[PDB]
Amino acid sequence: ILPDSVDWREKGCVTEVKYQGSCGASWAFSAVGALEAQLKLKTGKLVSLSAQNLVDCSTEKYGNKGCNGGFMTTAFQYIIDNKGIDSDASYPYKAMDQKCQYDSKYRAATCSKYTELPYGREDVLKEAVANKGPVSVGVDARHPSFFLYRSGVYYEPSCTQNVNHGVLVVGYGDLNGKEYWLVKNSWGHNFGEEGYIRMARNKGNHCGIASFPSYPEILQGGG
């Protein structure tokens, strides 16, 4: 059923790693990264979507606080409510709160709905990553080892299932045995392995990677 390893970069479904700088917008980058994959899947076009759009426009109605943090799930809801999100090129990232400047002329994607996965279920997360696409997740990124990660599979004994940082699961596999989740971060290419971190998989919901997963969908009609 499920492949032993998945890497959605292999299908050209993952945009370049972004750099959030001095702005707590990991939640926005995680959300656009998940939708970028669906847009390529459904239309063949890979285009970076506007995290700034979310920072500026998905605000108090969505419990989001711009550069002070927010949630992928309600980011998706904003995109649904708004009937669109702009391309990154048309609405570029400035790493600060701005007035909402959404322009339907430059809408690059929509969202029909989003699905939240059950808490801590790494088997269900694996199936979604394999069968649906990259999944937005929160992790516990509070511990210094996360900041210093360079290579290998990340395991932090002090990690908890309480999450405060948004990332994108773009695959999974095993490094010489050691099972991992392939995680796209938004701290630029100088973080980890060219912007990516392999996070311990199947170790009791390590760092909360499976605590609050979600993914959006762009539906093609229905029956």
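Residue numbers run from 1 along the displayed sequence.
Asker: Mean C-alpha B factor from the entry: is it higher for 96-104 or for 128-136?
Answerer: 96-104 has the higher mean C-alpha B-factor.
Asker: Where do the C-alpha atoms have the higher mean temperature factor in this entry, in 28-36 or in 175-183?
Answerer: Looking at the record's C-alpha B-factors, the answer is 175-183.
Asker: Kindly indicate the residue among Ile80, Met72, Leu117, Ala89 with the greatest C-alpha B-factor in the PDB record.
Answerer: Among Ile80, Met72, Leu117, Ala89, the PDB entry lists the largest C-alpha B-factor for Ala89.
Asker: Looking at the entry's B-factor column for C-alpha atoms only, identify whether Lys203 ranks in the lowest, middle or highest third of its chain.
Answerer: Highest third of the chain for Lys203's C-alpha B-factor.
Asker: Going by the entry, which third of its chain does the Cα temperature factor of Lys113 land in?
Answerer: For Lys113, whose C-alpha B-factor we compare with every modelled residue in the chain, the answer is the lowest third.
Asker: Ranking the modelled residues of this chain by C-alpha B-factor as given in the entry, is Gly66 in the lowest, middle or highest third?
Answerer: CA B-factor rank for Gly66: lowest third.
Asker: Using the B-factor values recorded in the entry, state whether the Cα atom of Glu60 falls in the lowest, middle or highest third among the modelled residues of its chain.
Answerer: Middle third - that is where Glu60 ends up once the chain's C-alpha B-factors are sorted.
Asker: Thinking about Cα B factors across the chain, which third does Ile85 belong to?
Answerer: For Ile85, whose C-alpha B-factor we compare with every modelled residue in the chain, the answer is the lowest third.
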